[PDB]
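**Student:** Please read through the structure below; I'll follow up with questions.
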Amino acid sequence: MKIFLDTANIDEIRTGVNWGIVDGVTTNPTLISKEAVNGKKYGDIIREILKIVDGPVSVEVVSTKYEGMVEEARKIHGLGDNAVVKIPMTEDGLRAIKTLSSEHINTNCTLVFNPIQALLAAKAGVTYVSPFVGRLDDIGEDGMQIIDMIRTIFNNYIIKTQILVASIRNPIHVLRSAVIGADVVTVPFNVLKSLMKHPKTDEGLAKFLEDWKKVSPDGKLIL
Amino acid sequence: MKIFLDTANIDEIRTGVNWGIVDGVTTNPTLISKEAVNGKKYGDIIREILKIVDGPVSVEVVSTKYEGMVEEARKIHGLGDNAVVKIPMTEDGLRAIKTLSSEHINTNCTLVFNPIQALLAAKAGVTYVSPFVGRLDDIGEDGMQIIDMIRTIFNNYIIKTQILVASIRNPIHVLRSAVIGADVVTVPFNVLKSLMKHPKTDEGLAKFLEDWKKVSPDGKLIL
Amino acid sequence: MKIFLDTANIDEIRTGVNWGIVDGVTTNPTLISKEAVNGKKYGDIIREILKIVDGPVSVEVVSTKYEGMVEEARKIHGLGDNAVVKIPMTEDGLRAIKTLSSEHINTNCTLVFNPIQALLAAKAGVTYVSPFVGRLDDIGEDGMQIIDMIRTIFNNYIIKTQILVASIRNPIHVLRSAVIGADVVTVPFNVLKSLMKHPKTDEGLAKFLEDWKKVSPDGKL
Amino acid sequence: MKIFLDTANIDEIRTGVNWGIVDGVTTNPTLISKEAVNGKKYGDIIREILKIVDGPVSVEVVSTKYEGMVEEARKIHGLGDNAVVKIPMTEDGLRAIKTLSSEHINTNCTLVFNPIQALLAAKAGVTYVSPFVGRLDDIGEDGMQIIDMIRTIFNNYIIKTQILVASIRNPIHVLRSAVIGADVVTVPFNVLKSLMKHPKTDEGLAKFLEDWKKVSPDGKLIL
Amino acid sequence: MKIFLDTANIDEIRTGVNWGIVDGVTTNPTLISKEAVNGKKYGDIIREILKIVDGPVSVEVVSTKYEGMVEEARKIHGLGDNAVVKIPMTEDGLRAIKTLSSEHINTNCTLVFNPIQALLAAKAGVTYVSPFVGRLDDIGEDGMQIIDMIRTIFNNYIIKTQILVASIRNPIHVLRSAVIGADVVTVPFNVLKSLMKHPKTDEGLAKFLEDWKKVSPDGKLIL
Amino acid sequence: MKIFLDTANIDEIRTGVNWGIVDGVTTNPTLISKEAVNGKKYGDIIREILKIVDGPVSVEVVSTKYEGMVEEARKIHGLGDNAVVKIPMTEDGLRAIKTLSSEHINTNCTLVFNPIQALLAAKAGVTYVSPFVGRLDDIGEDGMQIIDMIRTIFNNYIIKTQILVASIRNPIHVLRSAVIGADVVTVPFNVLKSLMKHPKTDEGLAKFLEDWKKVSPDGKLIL
Amino acid sequence: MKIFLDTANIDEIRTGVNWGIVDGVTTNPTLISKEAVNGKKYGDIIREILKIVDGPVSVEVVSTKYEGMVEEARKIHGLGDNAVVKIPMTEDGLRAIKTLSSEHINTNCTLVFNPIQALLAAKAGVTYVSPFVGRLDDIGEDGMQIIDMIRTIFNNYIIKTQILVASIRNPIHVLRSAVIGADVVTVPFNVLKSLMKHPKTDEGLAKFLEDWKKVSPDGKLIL
Amino acid sequence: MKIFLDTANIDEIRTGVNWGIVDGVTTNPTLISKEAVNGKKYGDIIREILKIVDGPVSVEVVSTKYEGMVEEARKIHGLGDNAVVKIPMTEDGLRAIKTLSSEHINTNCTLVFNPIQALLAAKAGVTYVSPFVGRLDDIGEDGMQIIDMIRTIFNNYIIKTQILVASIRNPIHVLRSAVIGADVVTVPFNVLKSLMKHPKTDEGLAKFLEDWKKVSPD
Amino acid sequence: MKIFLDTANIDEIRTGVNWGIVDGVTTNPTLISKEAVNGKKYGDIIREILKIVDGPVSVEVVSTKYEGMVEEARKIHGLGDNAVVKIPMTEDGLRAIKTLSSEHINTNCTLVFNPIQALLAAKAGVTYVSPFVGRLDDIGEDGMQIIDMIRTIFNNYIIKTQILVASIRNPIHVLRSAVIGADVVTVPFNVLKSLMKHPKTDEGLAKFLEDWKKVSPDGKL
């Protein structure tokens, strides 16, 4: 399972990449808006992310119309080989995906909330689909069940579109995604950090340290 | 999973194909007649669809007897290599399917209501079998269960006949067909249009747009 | 399981009632306004339905504010003892349901789309809760799963609020509702009229008549 | 799933084959003793049923002893390469099957009533095993469960012996056989006919005819 | 299922109570610390909550020692009949619960992370146990499974202690609690608010309003 | 679920009882001998436990023959109305249990390793049956499965003999016993002590303490 | 679950009863024909087996016809109120059971091999039904599944007929009977003896003896 | 599924070999001692079985020590290429199996009663492992469950060791072994014969005979 | 499934190796320091174990910092080709594993308590991951469930990291591991020595000897 970071915050990205556990980044217009404040420009933010991340970086078009989507998508693609064009699940969006796929431009269909939307995006030839599990949770429906269904549907038809679980809120979204076999999860930084941690890991390390001090007061391993 | 339209309206066909999620077309004399207005010739409508659609277009034979069915099926086949001849599940229809299959004329066995009917049609060499799920629902039997059994039977024997789910009435017939692994669904243009929609898609897109305006007043993405 | 008819069409209601299988009626502002055209007034349509139907008849408030909702509810109640006040699942709606329940006015909480909304409506004291299964189907989610969860939740807490399955589109919503154990279904007329029918019933009746004529040429017993 | 006809009555093969859903024929001493009356000889019977069939015809030995069974089997064989010799599940029967299998004579082990008897016949090299599901039903045991176990056992060991469901009494034996994945079912000509029928099919055809008459009051599709 | 509000924020409490959907309140030392700032005293906050909430209000002891726990618990109890003394799952805590239960003082055992801790608290006679599902989620374990086990254990022994699901983070914690049959959930205000909402409710109300305007331009129901 | 200690140490007993989660005591000659030091009389230790414990204390008979077992059991019973006589699953032990049960002397059938042994002991009238789960685990068989079957058998026949899970080695034996619905577990004092612990309990309590100090410098709760 | 002894051999009742685990006895013509040799008469046999048993003794009629069966049953009865008359599952058998049940003579219907035969015997008023699980095992059918179905059927209808599992061959027939909830099992005296044994029991006793010798080198518990 | 005959009785083997439904034979010291009476030598009993039986013949070493085991084994092997050396599940036995496997001498590890024992035998390179299901039944545990677990474990690790179900007591042990997918069952003679029988087969043969008499009075 | 011995006790290791059923050894700082007493040096204990054991031998770094971890890892590797470097599940640990994997030094990620930690370790390229089942049991959670999830996750992504079940306390952890399909178990000596044994094996051997003596009074073949 690939793990992407879901943020436009450059510090978070630099940090996660250096932990070596981040395989790509997703952004969206909200995430970018949060960073493009106090004189910081969205164009600079987008270019910098592409620059410092080796894996896929998703950048969303803002046009709602077919022609605007493809125009902006080709611009995004032109920014770097690792750029992936996010396109929303709409009529114009599917048309754009079909065109962009025929142009060999990688795409990510976003704002997906049920399995049939995911299938339609896959049929249009999208590279990734991004269902928003947390926003389904928000409305009283267990979002992970939609990931399970998408995985089954894709398996049925040997679909190569990657399932990219998005709107992740907690480490159980991550665990269930892995158990289901989703291709990718994209997670906020605070979630990313939490995935490494466990109280028994902390406790176990402290105990090993204490016991070792008995055999080596300076705490070193001299071999 | 392939998606066919129950329609004879080229505008709908063109639009669905442009979305990249329509793989062929299913017709009947009524669907075609519907369009034969304001100078439109019944025959031109069918030949126009055949020419424009890269994939399959099902057209029903009206004869009820073997000889009439094969003569009619041959005339249908003569109109396009992608025409598929729709033949009902009857004793004479099975005989017709067997003959036509040997002539390498593609076929679609319709009015299928249980899995053994579907198996017999596959044994005669039929290209597609079309169970009518909504008509089972109509009589208080869950039509999708018949699709599930047909998928299992066909899988057991590596049967190459495609399951074409028909009499579809709602997007859950579509969802369940995908999860089961049916080869094809055929749907009205409006059922088709509904398949892309979700209120969280609309709300999410609206919030993205609003947030983007905060950093790009004219709503543009200049890259 | 009770079976209600989901319509404001008087002709459909008379026909269904005459069949003997309609236990009540549900209306909503869309259904009523569909009928209230070409001269017909909504107040007349609502009164007529109340008169015709012996069983519960759901009529929805239009106010979005608590105060307006309770005022309209009391007027609806005043129209006849079989009237049931439909109140939407909103903050003001829950307040209104609680007040109306205390005044012993039967209520029906509508526009319910998940099991927790249904539980909130029950906690407010609502008489019926009406989840919309077909509208969930419309957006790619199996609406009947919500009914199954609501039945389990209500069973767990011995909740007396009745589960009223609404936005029904086909006879399988009805079958599944019965297997789950929902208290009520409300069905459009076209669905209602299909529930008694089966092709093997028709065929069996024909066969029985055929065979009986061999006994009595005239066809009587 | 292959479908054989299970009768000795010539009136009840050509037409089944013409439907494209008949793969062969079976019989038995009883079924033979039914048509070998009023001047018709069993010799004539069995003959009339080999030349025309592009498939398998099961013919049952009457000898209860090894030498007799094998002698009979050779005679039966001699009548054609597609002849299949039916041998009961007995000590001598297993011996005969092993010998005949080594002589490349095709065999069908009948009177099988549990899964271990089926395995034994397979181990002796039998071409088909025929469990009698209806006779298990007669004694208050669901016969189809035996077919399910045999399927599982044969799958476990990649056994090439074909499961031939016999003593079929209704269309649900047929349905369940297909869902389980039995290789073959043998059914009387009439059960066979019932398999294609459904009242919604009849209804559907009448609807199609009615509506075609609207499009074209004549009753024929001119193309 | 009872729904408590998990907060010490007086405005949130007043608001939730007036929605009529809140049956009680839980606090803890962190929650209170958040409010007891800028001159506001914890004693005043606690008394005000007890004052304005009719249902149970949980207030946690801060002593870690048996004698301190019971001293503080009796003080809390003395503040009002609706007060429930929160006691942590520790050795001294269980001793305190046993004593306080014999004194007819309602108790709530908190910081519970597995089912056997819950059982021990129930054996000591506690009125509620409060497992922290979100903090289990935090460490990569699905916290709702612990609620399921506790429900089964309590059902087994007809235990009257109430299961109070705490550390709730989202509406799916709430939904799963209800399906399991937990006695109580305690939720933060933002979660509380979300439970009432659904996009199709909003959409449905807007449509009813629009349609009604056709029949009554002023939008009123005059009866 | 009742909890017994495998111990003869009054300090442990007193402590566990004070926690409110110990319902009785199980002993053996070794456990008792352990404590018989520094002037301590073997006999006084057993009589002290009997007097102090309100509930049950199991003491094993050492005779292997019927007459010896009943004479010894009577002497054990004479020491306290709460003494329970532990008798092994043997032919003579069953005879002894039947006799003793008629004298209304409570009994505990030990060295039970399968569910039918447990059923026979219940049929003889035994008060408790003690399956040794850890000793089954020792030989590569999951001991808790035997507890599960005994619970089902006892439930089937409304058997009033209590299932006393013994040879417990870890807290999961305890958890599984509770989920199954065993009547009693017997555990060493240290297994018992471990049952209350969880690292999230410790961390949570520490954070609560820290947060409280922010508003009450001396860490007190003055109410 | 009641436990009967299934033999006609007097050497193989007093001791079973003394263990407190025997509720009664059954026999049959074969088992009788085994002990009625070398000068012993069946009359003597059956007698020696009624007076001493505080329970049920099954005695089988030999007549195959109604009048004879009922005549025999009265004689059998006359020997004691606890006598139970064994009647085979036949047309005349069902008649006899109905008559005897109306005369308040207790009956046991034997030679039952499927669940519907069991139901029929219950409907005629039989006191016990005895399915032969081992003889089903002999013919490649898991006999215990029949007991499971009978249990379910009897539960559905609150049937008071007791299920008496017969033709028991091993301890797992006994275990499964108990788990299913059969009312009774009848077993030979030896199978009976095997039921109490387990090698870990033997091992455990030896351990206890060894360690007792440490506490008290003498070998006796002085209390 | 292969089927072996589990006996040391020459008459039974002969009768069963004559059926041609036997794929091999297992013996053990108990069963050998049964027939090694009335002047009969165990050595004669074994060479005889080996000669008559084409398939694998399991013959058990009697030594309990490693060195006595491999020497015994090597001499059992010398008696015929179809000989399979039966070695018990013990420390020395595992070591002997390791040595014998490497010498390309086929082995059968016996007295196995749980799945981890069976795994240890497979790790030693054993050709067959023989769990004793009936002896588990005897002590109140369903023996077939152990076979089910061994099949799963062996599947997990693509283990080539064959599962040889032993201590078989009835035809349901056999049926369940087949459904699980055990490689081999070994059965006592009375069990083997019963496996072909069923009352509806008998009733069926009779009816066919009766009806055939109508068609040809012969 | 490989079976490793979890101890730094030389006598236990020699004994287990001589039995032929030990495929490797795992150590940790607690196990080593237990042995490194009354004059014994840890460097000598570690070297001795490496010499005795043919299979993989896990030896844990003590540094908590990346740089220290890699330095110590290289020294451990230098002690013998069978050495496997144990690295804890921490941020610095994952970095160290990635670097060491690139240098073709076998690694074992330890102190793993949930399936996502295990996945992170695999993504870093670790040779083995070692979840601690008994320590999960200690805190009231069935540790084996974590192994089952890790096996499923690893299967889904065709992950080549070996699952090494650690903190094993009884033979059922071992049985369950095998049924799940874990690649390795590491077991304390007391558990190791129980795996070959069963009371029915002992009884069957006794019976076989008894019966054989009736054939040969001297007891040979």
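If you're wondering about the labels, chains in the structure tokens are A, B, ... by order shown, residues count from 1 in each chain, ligands from 1 in order shown.
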Name all residues at most 9 Å from stretch 86-94 of chain G (count only C-alpha atoms; drop same-chain ones fewer than 3 positions away) and give them as number ranges by chain.
**Tutor:** G: 26-28, 58-62, 64-67, 69, 73, 97-99, 106-112, 117-118, 120-121, 124-126, 128
**Student:** Atoms to include: C-alpha atoms. Write the selected residues as a tab-separated table (two decimals), in the first residue's frame.
**Tutor:**
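again-v3.tsv was written with the following content:
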```
chain	number	residue	atom	x	y	z
G	26	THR	CA	-31.93	-50.15	26.63
G	27	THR	CA	-31.62	-53.50	24.73
G	28	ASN	CA	-32.53	-55.21	21.42
G	58	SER	CA	-36.32	-50.40	26.99
G	59	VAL	CA	-37.61	-53.80	25.90
G	60	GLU	CA	-38.29	-54.58	22.22
G	61	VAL	CA	-41.33	-56.34	20.80
G	62	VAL	CA	-40.71	-59.06	18.24
G	64	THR	CA	-44.30	-57.31	13.24
G	65	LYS	CA	-48.09	-56.85	13.34
G	66	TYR	CA	-50.30	-54.36	15.22
G	67	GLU	CA	-52.28	-56.74	17.45
G	69	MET	CA	-47.07	-55.61	19.07
G	73	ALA	CA	-46.34	-54.22	24.88
G	97	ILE	CA	-47.55	-46.39	19.52
G	98	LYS	CA	-50.69	-44.28	19.16
G	99	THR	CA	-52.75	-46.94	20.97
G	106	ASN	CA	-44.30	-45.50	27.58
G	107	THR	CA	-42.84	-46.14	24.15
G	108	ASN	CA	-39.53	-45.94	22.31
G	109	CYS	CA	-39.58	-45.88	18.51
G	110	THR	CA	-36.48	-47.55	17.11
G	111	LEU	CA	-34.92	-48.01	13.64
G	112	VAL	CA	-35.22	-44.31	12.83
G	117	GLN	CA	-39.44	-40.63	10.54
G	118	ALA	CA	-38.60	-39.16	13.96
G	120	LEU	CA	-43.86	-39.18	12.59
G	121	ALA	CA	-43.10	-41.21	15.73
G	124	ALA	CA	-48.03	-40.78	17.21
G	125	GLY	CA	-47.17	-39.89	20.82
G	126	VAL	CA	-43.93	-41.79	21.32
G	128	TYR	CA	-38.56	-41.65	22.93
```
**Student:** Apply DSSP to the structure's backbone, then extract all residues of stretch 122-168 of chain C labelled alpha helix (DSSP H) and return them as a PyMOL selection string.
**Tutor:** chain C and resi 122-123+133-138+144-156
**Student:** For those residues, write C-alpha atoms to a file as a PDB file, in the first residue's frame.
**Tutor:**
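For reference, selection12.pdb as written:
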```
ATOM      1  CA  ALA C 122     -37.419   8.223  18.615  1.00  0.00           C
ATOM      2  CA  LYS C 123     -35.697   9.881  21.587  1.00  0.00           C
ATOM      3  CA  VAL C 133     -35.095   4.134   1.026  1.00  0.00           C
ATOM      4  CA  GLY C 134     -35.541   4.943  -2.667  1.00  0.00           C
ATOM      5  CA  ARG C 135     -33.730   8.281  -2.328  1.00  0.00           C
ATOM      6  CA  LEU C 136     -30.801   6.437  -0.803  1.00  0.00           C
ATOM      7  CA  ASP C 137     -30.957   3.962  -3.748  1.00  0.00           C
ATOM      8  CA  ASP C 138     -30.947   7.058  -6.012  1.00  0.00           C
ATOM      9  CA  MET C 144     -32.866  -1.106   2.861  1.00  0.00           C
ATOM     10  CA  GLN C 145     -29.641  -1.550   4.888  1.00  0.00           C
ATOM     11  CA  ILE C 146     -30.623   1.547   6.875  1.00  0.00           C
ATOM     12  CA  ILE C 147     -34.008  -0.046   7.713  1.00  0.00           C
ATOM     13  CA  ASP C 148     -32.229  -3.191   8.922  1.00  0.00           C
ATOM     14  CA  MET C 149     -29.974  -1.161  11.243  1.00  0.00           C
ATOM     15  CA  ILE C 150     -32.873   0.909  12.557  1.00  0.00           C
ATOM     16  CA  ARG C 151     -34.795  -2.302  13.365  1.00  0.00           C
ATOM     17  CA  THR C 152     -31.803  -3.660  15.295  1.00  0.00           C
ATOM     18  CA  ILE C 153     -31.280  -0.391  17.209  1.00  0.00           C
ATOM     19  CA  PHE C 154     -34.985  -0.113  18.051  1.00  0.00           C
ATOM     20  CA  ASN C 155     -35.028  -3.753  19.181  1.00  0.00           C
ATOM     21  CA  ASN C 156     -31.983  -3.196  21.390  1.00  0.00           C
TER      22      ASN C 156
END
```
**Student:** Using only C-alpha atoms, which protein or nucleic acid residues come within 7 Å of stretch 58-63 of chain H? Drop anything in the same chain fewer than 4 positions from it, and give the result as an NGL selection string.
**Tutor:** (:H and (25-29 or 68-69 or 72-73 or 83-87)) or (:I and (220-221))
**Student:** Mind checking DSSP for stretch 18-67 of chain D and telling me the strand (DSSP E) residues as a PyMOL selection string?
**Tutor:** chain D and resi 24-26+57-60
**Student:** Considering only C-alpha atoms, give me a table of residues in chain G that are at most 8 Å from chain D, with the closest atom pair and distance in Å for each, as a tab-separated table.
**Tutor:**
```
residue	atom	partner	partner_atom	distance
G:114	CA	D:140	CA	6.1
G:115	CA	D:140	CA	7.6
G:116	CA	D:140	CA	7.0
G:139	CA	D:114	CA	7.9
G:140	CA	D:114	CA	6.1
G:141	CA	D:114	CA	7.3
```
**Student:** Could you tell me how far atom CA of residue B:79 lies from atom CA of residue D:219, in Å and to one decimal?
**Tutor:** 20.8 Å
**Student:** Using only C-alpha atoms, determine which residues lie at most 8 Å from residue I:87, disregarding the query and same-chain residues fewer than 6 positions distant; provide the list as number ranges by chain.
**Tutor:** I: 60-61, 69, 93, 96-97, 107-110
**Student:** Could you check the closest approach to residue A:122 for each of A:173, A:160, A:207, A:41 and tell me which residue wins, using only C-alpha atoms?
**Tutor:**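 Ranking A:173, A:160, A:207, A:41 by distance to residue A:122, first place goes to A:160.
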**Student:** Enumerate as a list in words the residues belonging to chain A that approach chain I to within 6 Å, with only C-alpha atoms taken into account.
**Tutor:**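 Residues of chain A within 6 Å of chain I, counting only C-alpha atoms: residues 178, 179, 181, 196, 201, 208, 211, 212 and 215 of chain A.
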**Student:** Using only C-alpha atoms, pick whichever of H:57, H:17, H:137, H:41 has the shortest atom-to-atom distance to chain F.
**Tutor:** H:137
**Student:** Quick one: which chain H residues come within 6 Å of chain I, and what is the nearest atom pair for each with the distance in Å to one decimal, counting only C-alpha atoms, rows ordered by chain and ascending number, as CSV?
**Tutor:**
```
residue,atom,partner,partner_atom,distance
H:29,CA,I:208,CA,5.5
H:30,CA,I:211,CA,5.2
H:33,CA,I:215,CA,5.7
H:111,CA,I:201,CA,5.2
H:117,CA,I:196,CA,5.6
H:153,CA,I:179,CA,5.2
H:156,CA,I:181,CA,5.6
```
**Student:** State, in Å with one decimal place, the distance from atom CA of residue E:52 to atom CA of residue E:14.
**Tutor:**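 Atom CA of residue E:52 sits 7.4 Å away from atom CA of residue E:14.
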**Student:** Can I get the residues of chain G within 8 Å of chain H, each with the closest pair of atoms and their distance in Å to one decimal, using only C-alpha atoms, sorted chain first then ascending number, as a tab-separated table?
**Tutor:**
```
residue	atom	partner	partner_atom	distance
G:137	CA	H:172	CA	5.9
G:138	CA	H:171	CA	6.1
G:139	CA	H:198	CA	5.5
G:140	CA	H:171	CA	5.6
G:141	CA	H:172	CA	7.0
G:142	CA	H:172	CA	6.3
G:170	CA	H:138	CA	6.9
G:171	CA	H:140	CA	5.6
G:172	CA	H:137	CA	5.8
G:175	CA	H:140	CA	7.1
G:194	CA	H:138	CA	7.3
G:195	CA	H:140	CA	7.4
G:197	CA	H:139	CA	6.7
G:198	CA	H:139	CA	5.6
G:199	CA	H:139	CA	7.8
```
**Student:** Neighbours of residue G:4 within 7 Å (only C-alpha atoms; same-chain residues fewer than 4 positions away dropped), as a list in words?
**Tutor:**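 Listing them by chain and then by number gives residues 22, 23, 24, 25, 26, 185, 186 and 187 of chain G.
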